[PDB]
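Chemist: One file is attached below, start09.cif, containing mmCIF, C-alpha atoms.
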data_input
#
loop_
_atom_site.group_PDB
_atom_site.id
_atom_site.type_symbol
_atom_site.label_atom_id
_atom_site.label_comp_id
_atom_site.auth_asym_id
_atom_site.auth_seq_id
_atom_site.Cartn_x
_atom_site.Cartn_y
_atom_site.Cartn_z
ATOM 1 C CA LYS A 2 31.888 23.616 90.803
ATOM 2 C CA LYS A 3 29.939 26.381 89.018
ATOM 3 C CA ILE A 4 27.297 24.938 86.641
ATOM 4 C CA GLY A 5 25.795 21.468 86.910
ATOM 5 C CA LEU A 6 24.498 19.838 83.739
ATOM 6 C CA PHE A 7 22.334 16.786 84.479
ATOM 7 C CA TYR A 8 21.213 14.752 81.456
ATOM 8 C CA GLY A 9 19.640 11.450 80.495
ATOM 9 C CA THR A 10 20.007 9.761 77.116
ATOM 10 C CA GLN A 11 18.462 6.892 75.160
ATOM 11 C CA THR A 12 20.609 6.951 72.039
ATOM 12 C CA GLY A 13 23.468 9.286 72.912
ATOM 13 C CA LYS A 14 22.351 12.520 71.224
ATOM 14 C CA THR A 15 21.673 14.386 74.469
ATOM 15 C CA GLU A 16 25.113 13.356 75.714
ATOM 16 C CA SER A 17 26.867 14.786 72.634
ATOM 17 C CA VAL A 18 24.993 18.092 72.896
ATOM 18 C CA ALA A 19 25.838 18.150 76.621
ATOM 19 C CA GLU A 20 29.506 18.234 75.623
ATOM 20 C CA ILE A 21 29.047 21.005 73.035
ATOM 21 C CA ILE A 22 27.229 23.137 75.624
ATOM 22 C CA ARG A 23 30.065 22.514 78.100
ATOM 23 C CA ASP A 24 32.543 23.729 75.447
ATOM 24 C CA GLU A 25 30.479 26.833 74.616
ATOM 25 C CA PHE A 26 30.720 28.033 78.239
ATOM 26 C CA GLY A 27 34.327 29.007 77.705
ATOM 27 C CA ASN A 28 35.216 30.834 80.909
ATOM 28 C CA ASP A 29 32.982 28.843 83.266
ATOM 29 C CA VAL A 30 32.881 25.308 84.658
ATOM 30 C CA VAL A 31 30.087 23.074 83.391
ATOM 31 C CA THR A 32 30.253 19.626 84.990
ATOM 32 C CA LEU A 33 28.433 16.752 83.294
ATOM 33 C CA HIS A 34 26.260 14.199 85.056
ATOM 34 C CA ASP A 35 24.399 11.237 83.565
ATOM 35 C CA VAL A 36 21.326 10.796 85.773
ATOM 36 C CA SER A 37 21.694 7.029 85.361
ATOM 37 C CA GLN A 38 24.664 7.415 87.706
ATOM 38 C CA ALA A 39 23.518 10.402 89.789
ATOM 39 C CA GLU A 40 21.447 10.797 92.959
ATOM 40 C CA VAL A 41 18.770 13.478 93.293
ATOM 41 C CA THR A 42 20.611 15.216 96.153
ATOM 42 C CA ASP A 43 23.510 16.022 93.809
ATOM 43 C CA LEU A 44 21.238 18.783 92.488
ATOM 44 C CA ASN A 45 21.709 20.528 95.854
ATOM 45 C CA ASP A 46 25.374 21.190 94.982
ATOM 46 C CA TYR A 47 24.615 23.834 92.319
ATOM 47 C CA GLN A 48 22.842 27.187 92.095
ATOM 48 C CA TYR A 49 23.049 27.006 88.302
ATOM 49 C CA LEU A 50 21.518 23.931 86.697
ATOM 50 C CA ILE A 51 21.010 22.810 83.112
ATOM 51 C CA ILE A 52 18.572 19.898 82.756
ATOM 52 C CA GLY A 53 18.891 17.759 79.632
ATOM 53 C CA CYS A 54 16.147 15.285 78.801
ATOM 54 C CA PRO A 55 15.129 13.806 75.428
ATOM 55 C CA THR A 56 11.519 13.340 74.349
ATOM 56 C CA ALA A 57 10.873 9.805 75.582
ATOM 57 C CA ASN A 58 10.684 7.042 72.968
ATOM 58 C CA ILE A 59 8.011 5.518 75.202
ATOM 59 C CA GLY A 60 5.800 7.287 77.730
ATOM 60 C CA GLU A 61 6.563 10.860 78.739
ATOM 61 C CA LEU A 62 9.932 10.714 80.526
ATOM 62 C CA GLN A 63 13.271 9.140 79.590
ATOM 63 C CA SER A 64 13.694 6.172 81.950
ATOM 64 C CA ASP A 65 16.545 7.464 84.154
ATOM 65 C CA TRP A 66 14.888 10.847 84.647
ATOM 66 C CA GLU A 67 11.656 8.948 85.307
ATOM 67 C CA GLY A 68 13.405 7.347 88.280
ATOM 68 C CA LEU A 69 14.618 10.690 89.650
ATOM 69 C CA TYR A 70 11.299 12.423 89.003
ATOM 70 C CA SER A 71 9.473 11.046 92.051
ATOM 71 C CA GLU A 72 12.405 12.084 94.275
ATOM 72 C CA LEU A 73 12.461 15.724 93.153
ATOM 73 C CA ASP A 74 10.066 16.591 95.997
ATOM 74 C CA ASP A 75 12.896 15.823 98.440
ATOM 75 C CA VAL A 76 14.968 18.693 97.032
ATOM 76 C CA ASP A 77 14.356 22.416 97.487
ATOM 77 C CA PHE A 78 15.095 24.460 94.373
ATOM 78 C CA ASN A 79 14.386 27.861 95.943
ATOM 79 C CA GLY A 80 16.955 30.358 94.738
ATOM 80 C CA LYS A 81 18.280 28.214 91.901
ATOM 81 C CA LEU A 82 18.401 29.225 88.232
ATOM 82 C CA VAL A 83 17.422 26.317 85.967
ATOM 83 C CA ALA A 84 17.710 25.970 82.177
ATOM 84 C CA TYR A 85 16.339 23.072 80.113
ATOM 85 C CA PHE A 86 17.171 21.377 76.817
ATOM 86 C CA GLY A 87 15.971 18.314 74.949
ATOM 87 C CA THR A 88 16.071 16.433 71.675
ATOM 88 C CA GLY A 89 12.962 15.237 69.869
ATOM 89 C CA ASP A 90 11.474 14.303 66.507
ATOM 90 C CA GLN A 91 8.966 17.046 65.627
ATOM 91 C CA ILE A 92 7.603 14.961 62.758
ATOM 92 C CA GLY A 93 7.471 11.487 64.297
ATOM 93 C CA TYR A 94 6.450 12.753 67.751
ATOM 94 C CA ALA A 95 4.319 15.719 66.625
ATOM 95 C CA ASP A 96 1.861 15.469 69.539
ATOM 96 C CA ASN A 97 4.518 15.127 72.253
ATOM 97 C CA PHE A 98 7.442 17.258 71.058
ATOM 98 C CA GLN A 99 9.605 18.135 74.095
ATOM 99 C CA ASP A 100 7.016 16.923 76.634
ATOM 100 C CA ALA A 101 9.799 15.693 78.929
ATOM 101 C CA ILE A 102 11.410 19.073 79.723
ATOM 102 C CA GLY A 103 7.931 20.582 80.012
ATOM 103 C CA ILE A 104 7.096 18.011 82.704
ATOM 104 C CA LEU A 105 10.454 18.456 84.456
ATOM 105 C CA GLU A 106 10.116 22.233 84.496
ATOM 106 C CA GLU A 107 6.596 22.218 85.955
ATOM 107 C CA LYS A 108 7.825 20.158 88.937
ATOM 108 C CA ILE A 109 11.117 22.012 89.484
ATOM 109 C CA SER A 110 9.306 25.356 89.257
ATOM 110 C CA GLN A 111 6.778 24.264 91.897
ATOM 111 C CA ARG A 112 9.744 23.350 94.126
ATOM 112 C CA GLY A 113 11.091 26.882 93.761
ATOM 113 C CA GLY A 114 13.425 26.762 90.770
ATOM 114 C CA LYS A 115 13.545 29.783 88.462
ATOM 115 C CA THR A 116 13.406 29.014 84.750
ATOM 116 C CA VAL A 117 15.733 30.856 82.399
ATOM 117 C CA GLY A 118 16.475 30.297 78.718
ATOM 118 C CA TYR A 119 13.037 30.314 77.071
ATOM 119 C CA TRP A 120 13.244 29.610 73.357
ATOM 120 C CA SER A 121 11.124 30.762 70.419
ATOM 121 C CA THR A 122 8.959 28.257 68.529
ATOM 122 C CA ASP A 123 9.875 29.908 65.201
ATOM 123 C CA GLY A 124 11.215 27.288 62.812
ATOM 124 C CA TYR A 125 9.503 24.273 64.382
ATOM 125 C CA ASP A 126 6.569 22.291 63.029
ATOM 126 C CA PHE A 127 4.689 20.334 65.696
ATOM 127 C CA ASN A 128 1.117 19.694 66.846
ATOM 128 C CA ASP A 129 1.364 19.736 70.635
ATOM 129 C CA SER A 130 3.888 20.086 73.481
ATOM 130 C CA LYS A 131 3.833 20.215 77.276
ATOM 131 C CA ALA A 132 6.895 22.490 77.142
ATOM 132 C CA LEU A 133 4.982 25.513 75.848
ATOM 133 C CA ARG A 134 4.876 28.577 78.078
ATOM 134 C CA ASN A 135 2.999 31.535 76.579
ATOM 135 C CA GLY A 136 4.073 30.747 73.028
ATOM 136 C CA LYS A 137 7.690 29.881 73.840
ATOM 137 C CA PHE A 138 9.451 26.625 74.676
ATOM 138 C CA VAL A 139 10.590 26.299 78.276
ATOM 139 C CA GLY A 140 14.114 25.619 76.960
ATOM 140 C CA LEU A 141 16.235 24.763 73.906
ATOM 141 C CA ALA A 142 14.451 22.394 71.507
ATOM 142 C CA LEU A 143 16.748 20.354 69.276
ATOM 143 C CA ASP A 144 15.753 18.000 66.468
ATOM 144 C CA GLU A 145 18.564 15.768 65.183
ATOM 145 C CA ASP A 146 16.245 13.656 63.023
ATOM 146 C CA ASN A 147 14.932 16.567 60.941
ATOM 147 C CA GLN A 148 17.030 19.628 61.773
ATOM 148 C CA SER A 149 20.507 18.345 62.650
ATOM 149 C CA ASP A 150 21.936 21.122 60.464
ATOM 150 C CA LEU A 151 20.648 23.807 62.853
ATOM 151 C CA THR A 152 21.832 22.204 66.103
ATOM 152 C CA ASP A 153 25.242 23.867 66.419
ATOM 153 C CA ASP A 154 23.906 27.360 65.673
ATOM 154 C CA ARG A 155 21.052 26.893 68.118
ATOM 155 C CA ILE A 156 23.333 25.682 70.927
ATOM 156 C CA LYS A 157 25.642 28.654 70.335
ATOM 157 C CA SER A 158 22.797 31.183 70.411
ATOM 158 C CA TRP A 159 21.188 29.613 73.482
ATOM 159 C CA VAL A 160 24.421 29.495 75.513
ATOM 160 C CA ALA A 161 25.039 33.158 74.623
ATOM 161 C CA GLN A 162 21.521 33.870 75.941
ATOM 162 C CA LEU A 163 22.213 31.911 79.138
ATOM 163 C CA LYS A 164 25.449 33.792 79.843
ATOM 164 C CA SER A 165 23.416 37.003 79.994
ATOM 165 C CA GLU A 166 20.874 35.264 82.227
ATOM 166 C CA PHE A 167 23.395 33.533 84.523
ATOM 167 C CA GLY A 168 25.562 36.642 84.638
ATOM 168 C CA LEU A 169 28.575 35.046 82.943
#
What does this structure look like when you write it as structure tokens?
Modeler:
Amino acid sequence: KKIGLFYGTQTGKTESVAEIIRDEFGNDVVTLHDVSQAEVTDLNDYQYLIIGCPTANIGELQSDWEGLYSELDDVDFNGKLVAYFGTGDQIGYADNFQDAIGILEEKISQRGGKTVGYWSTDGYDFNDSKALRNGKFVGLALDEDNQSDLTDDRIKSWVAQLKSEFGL
């Protein structure tokens, strides 16, 4: 029970990338958890967390994560290392690209979680995002609508970055 990946999905893209990420951590255990099935206290079981949340079709949070969001204040993230990833349409959702993981990070960071895995904005075209931290994304930004050809390279580079951050 090494690394806990908790994701929500609307269409199934975030689920598929959750499996690729799990594969890319070759010598480590990444367990997968749909937050539609999970409780918020399951986050207590891991020191290493990867949070997957798509840019919401409607509102600012994917519905399942939206349900867990109000309960995050019951959990103490002090001492935990937390990485974030999300899918989004940088053209169709240009003013809200990756807002969800930006919102999730702000809360988890205030509860004590330490963010690792910041990701450059080079190669993205968007107007606004809540996931921006000093010119970088708070985590891996994937676009399957417009940049599905970059997804596998990006996941591979990001996981390699995380292994140096997680000490793997």
Chemist: Go through A:50, A:39, A:82, A:156 one by one, measure the shortest atom-to-atom distance of each to residue 66 in chain A using all atoms listed in the file, and give the residue with the smallest value.
Modeler: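 Selected residue with least distance to residue 66 in chain A: A:39.
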Chemist: Given the file shown, enumerate the residues that the PyMOL selection byres ((chain A and resi 22-38) around 6) captures and present them as a list in words.
Modeler: residues 3, 4, 5, 6, 7, 8, 9, 19, 20, 21, 39 and 65 of chain A
Chemist: Please list as a ChimeraX atom specification every residue within 12 Å of residue 135 in chain A, counting all atoms listed in the file and excluding residues in the same chain fewer than 4 positions away.
Modeler: /A:119-122,130-131,139
Chemist: Save the residues we just selected, C-alpha atoms, as a JSON list (two decimals), in the coordinates of the input?
Modeler:
[["chain", "number", "residue", "atom", "x", "y", "z"],
["A", 119, "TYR", "CA", 13.04, 30.31, 77.07],
["A", 120, "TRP", "CA", 13.24, 29.61, 73.36],
["A", 121, "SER", "CA", 11.12, 30.76, 70.42],
["A", 122, "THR", "CA", 8.96, 28.26, 68.53],
["A", 130, "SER", "CA", 3.89, 20.09, 73.48],
["A", 131, "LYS", "CA", 3.83, 20.22, 77.28],
["A", 139, "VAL", "CA", 10.59, 26.30, 78.28]]
Chemist: Pick the closest to residue 84 in chain A from A:60, A:113, A:118, A:103: which is it, counting all atoms listed in the file?
Modeler: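 Ranking A:60, A:113, A:118, A:103 by distance to residue 84 in chain A, first place goes to A:118.
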Chemist: Which polymer residues have any atom within 8 Å of an atom of residue 73 in chain A, counting all atoms listed in the file, with same-chain residues fewer than 4 positions away left out, as a PyMOL selection string?
Modeler: chain A and resi 41+69+108-109
Chemist: Can you tell me, as a PyMOL selection string, what residues are no more than 12 Å from residue 132 in chain A when counting only C-alpha atoms, ignoring any on the same chain fewer than 4 positions away?
Modeler: chain A and resi 54+56+61+85-87+89+96-107+116+119-122+127+136-142
Chemist: Would you kindly translate the PyMOL selection byres ((chain A and resi 112) around 8) into the concrete residues it picks from this file, as a ChimeraX atom specification?
Modeler: /A:74,76-79,108-111,113-114
Chemist: Just C-alpha atoms for this one: save the residues we selected as an mmCIF file, in the frame of the given file.
Modeler:
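Saved the output as out.cif:
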data_model
loop_
_atom_site.group_PDB
_atom_site.id
_atom_site.type_symbol
_atom_site.label_atom_id
_atom_site.label_comp_id
_atom_site.auth_asym_id
_atom_site.auth_seq_id
_atom_site.Cartn_x
_atom_site.Cartn_y
_atom_site.Cartn_z
ATOM 1 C CA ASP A 74 10.066 16.591 95.997
ATOM 2 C CA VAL A 76 14.968 18.693 97.032
ATOM 3 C CA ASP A 77 14.356 22.416 97.487
ATOM 4 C CA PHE A 78 15.095 24.460 94.373
ATOM 5 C CA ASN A 79 14.386 27.861 95.943
ATOM 6 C CA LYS A 108 7.825 20.158 88.937
ATOM 7 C CA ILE A 109 11.117 22.012 89.484
ATOM 8 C CA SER A 110 9.306 25.356 89.257
ATOM 9 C CA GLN A 111 6.778 24.264 91.897
ATOM 10 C CA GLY A 113 11.091 26.882 93.761
ATOM 11 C CA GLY A 114 13.425 26.762 90.770
#
Chemist: May I ask which of the residues A:150, A:40, A:94, A:83 is the closest one to residue 68 in chain A, counting only C-alpha atoms?
Modeler: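 Among the listed residues, the smallest separation from residue 68 in chain A belongs to A:40.
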Chemist: Quick one: distance from CA of residue 117 in chain A to CA of residue 166 in chain A in Å, one decimal?
Modeler: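 About the pair CA of residue 117 in chain A and CA of residue 166 in chain A: they are 6.8 Å apart.
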Chemist: Rank A:62, A:161, A:143, A:52 by their smallest atom-to-atom distance to residue 90 in chain A, using only C-alpha atoms, and report the top residue only.
Modeler: A:143
Chemist: Kindly reconstruct range 142-160 of chain A with N, CA and C atoms and present the result as an mmCIF file, in the coordinates of the input.
Modeler:
data_model
loop_
_atom_site.group_PDB
_atom_site.id
_atom_site.type_symbol
_atom_site.label_atom_id
_atom_site.label_comp_id
_atom_site.auth_asym_id
_atom_site.auth_seq_id
_atom_site.Cartn_x
_atom_site.Cartn_y
_atom_site.Cartn_z
ATOM 1 N N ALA A 142 14.995 23.559 72.198
ATOM 2 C CA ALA A 142 14.451 22.394 71.507
ATOM 3 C C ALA A 142 15.329 22.025 70.320
ATOM 4 N N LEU A 143 15.896 20.825 70.359
ATOM 5 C CA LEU A 143 16.748 20.354 69.276
ATOM 6 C C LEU A 143 16.096 19.180 68.565
ATOM 7 N N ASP A 144 16.246 19.133 67.244
ATOM 8 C CA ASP A 144 15.753 18.000 66.468
ATOM 9 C C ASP A 144 16.876 17.500 65.569
ATOM 10 N N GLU A 145 17.444 16.349 65.924
ATOM 11 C CA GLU A 145 18.564 15.768 65.183
ATOM 12 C C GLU A 145 18.091 14.900 64.016
ATOM 13 N N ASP A 146 16.852 14.428 64.101
ATOM 14 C CA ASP A 146 16.245 13.656 63.023
ATOM 15 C C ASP A 146 15.907 14.508 61.801
ATOM 16 N N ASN A 147 15.433 15.732 62.029
ATOM 17 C CA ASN A 147 14.932 16.567 60.941
ATOM 18 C C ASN A 147 15.689 17.870 60.760
ATOM 19 N N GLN A 148 16.385 18.316 61.806
ATOM 20 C CA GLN A 148 17.030 19.628 61.773
ATOM 21 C C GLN A 148 18.425 19.588 62.379
ATOM 22 N N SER A 149 19.161 18.514 62.099
ATOM 23 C CA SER A 149 20.507 18.345 62.650
ATOM 24 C C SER A 149 21.481 19.406 62.134
ATOM 25 N N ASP A 150 21.110 20.073 61.045
ATOM 26 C CA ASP A 150 21.936 21.122 60.464
ATOM 27 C C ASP A 150 21.821 22.458 61.200
ATOM 28 N N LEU A 151 20.844 22.573 62.094
ATOM 29 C CA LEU A 151 20.648 23.807 62.853
ATOM 30 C C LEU A 151 21.195 23.709 64.279
ATOM 31 N N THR A 152 21.503 22.489 64.707
ATOM 32 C CA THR A 152 21.832 22.204 66.103
ATOM 33 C C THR A 152 22.983 23.043 66.671
ATOM 34 N N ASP A 153 24.071 23.164 65.920
ATOM 35 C CA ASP A 153 25.242 23.867 66.419
ATOM 36 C C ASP A 153 25.044 25.376 66.533
ATOM 37 N N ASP A 154 24.276 25.947 65.609
ATOM 38 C CA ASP A 154 23.906 27.360 65.673
ATOM 39 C C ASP A 154 23.010 27.621 66.870
ATOM 40 N N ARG A 155 22.020 26.755 67.044
ATOM 41 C CA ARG A 155 21.052 26.893 68.118
ATOM 42 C C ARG A 155 21.685 26.786 69.500
ATOM 43 N N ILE A 156 22.582 25.816 69.675
ATOM 44 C CA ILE A 156 23.333 25.682 70.927
ATOM 45 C C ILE A 156 24.179 26.928 71.212
ATOM 46 N N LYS A 157 24.814 27.468 70.176
ATOM 47 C CA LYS A 157 25.642 28.654 70.335
ATOM 48 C C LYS A 157 24.824 29.884 70.711
ATOM 49 N N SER A 158 23.667 30.055 70.083
ATOM 50 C CA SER A 158 22.797 31.183 70.411
ATOM 51 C C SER A 158 22.198 31.062 71.813
ATOM 52 N N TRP A 159 21.829 29.843 72.198
ATOM 53 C CA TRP A 159 21.188 29.613 73.482
ATOM 54 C C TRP A 159 22.170 29.823 74.640
ATOM 55 N N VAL A 160 23.384 29.302 74.500
ATOM 56 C CA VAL A 160 24.421 29.495 75.513
ATOM 57 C C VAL A 160 24.795 30.972 75.676
#
